[PDB]
Amino acid sequence: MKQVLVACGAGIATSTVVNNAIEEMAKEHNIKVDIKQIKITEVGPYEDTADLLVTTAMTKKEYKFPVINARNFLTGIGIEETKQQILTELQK
């Protein structure tokens, strides 16, 4: 089981496109992955239990995992790109 969180802070209240996107891809792949949604100040305690984290900005902390910028998820087209990187470990 892979618990991947998602913390975005640009305009939308929560990461809708990202989640709705990833969740759509994970299904096609049929992998045992579960997406998680939390606030920017929620990833702190959710660093251990969680496995992967993705954020657009505000990534200045003692993270204990390979954070992946959410720049690719700006519109919703360059998902496959980053997805390939994160998936490299998911289904390594």
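FYI the Cβ positions are ideal-geometry reconstructions off the backbone, even for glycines, and counts take in every protein chain you see. No lab work stands behind these numbers, since they all come straight from the coordinates.
Among residues of the range 76-92 being assigned to a loop (DSSP other than H, G, I, E, B) and without any contact (Cβ under 8 Å) to a residue 12 or more places away in the chain, the one that is surrounded by the fewest Cβ atoms within 10 Å (Cβ to Cβ) is 92. Residue 49 meets all of the listed conditions (1) among the hydroxyl-bearing types (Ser, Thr, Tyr); (2) within 16 Å of residue 1 (Cβ to Cβ); (3) not in a loop (DSSP other than H, G, I, E, B) but one, namely (3).
Scan the range 38-73 for residues that are over 13 Å from the mean Cα position of the chain (by Cα) and either of a type in the set (A, V, I, L, M, F, W, C) or at positive phi (or both) and the total you get is 1. Against the conditions (1) touching a residue at least 12 places away in the same chain (Cβ under 8 Å); (2) crowded, with 17+ Cβ neighbours inside 10 Å, residue 26 satisfies every one except (1). Per the listing 65, 73, the residue uniquely part of a helix (DSSP H, G or I), touching a strand residue (DSSP E or B) at 6+ places or on another chain (Cβ under 9 Å) and not polar (S, T, N, Q) is 73.
Among the residues of the range 2-36, those identified as among the hydrophobic types (A, V, I, L, M, F, W, C) and in a loop (DSSP other than H, G, I, E, B) are 8, 10, 12, 13, 31. Across the range 37-46, the qualifying residues are those that are touching a residue at least 12 places away in the same chain (Cβ under 8 Å) and assigned to a loop (DSSP other than H, G, I, E, B), and the one among them that is surrounded by the most Cβ atoms within 10 Å (Cβ to Cβ) is 43. Restricting the range 52-62 to residues that are in a loop (DSSP other than H, G, I, E, B) and either of a type in the set (A, V, I, L, M, F, W, C) or touching a residue at least 24 places away in the same chain (Cβ under 8 Å) (or both) leaves a set whose member that is surrounded by the most Cβ atoms within 10 Å (Cβ to Cβ) is 56.
Quick check: anything in the range 5-16 over 20 Å from residue 59 (Cα atoms) and surrounded by 12 or more Cβ atoms within 10 Å (Cβ to Cβ)? Among the residues of the range 5-16, not one is over 20 Å from residue 59 (Cα atoms) and surrounded by 12 or more Cβ atoms within 10 Å (Cβ to Cβ), which makes the answer no.
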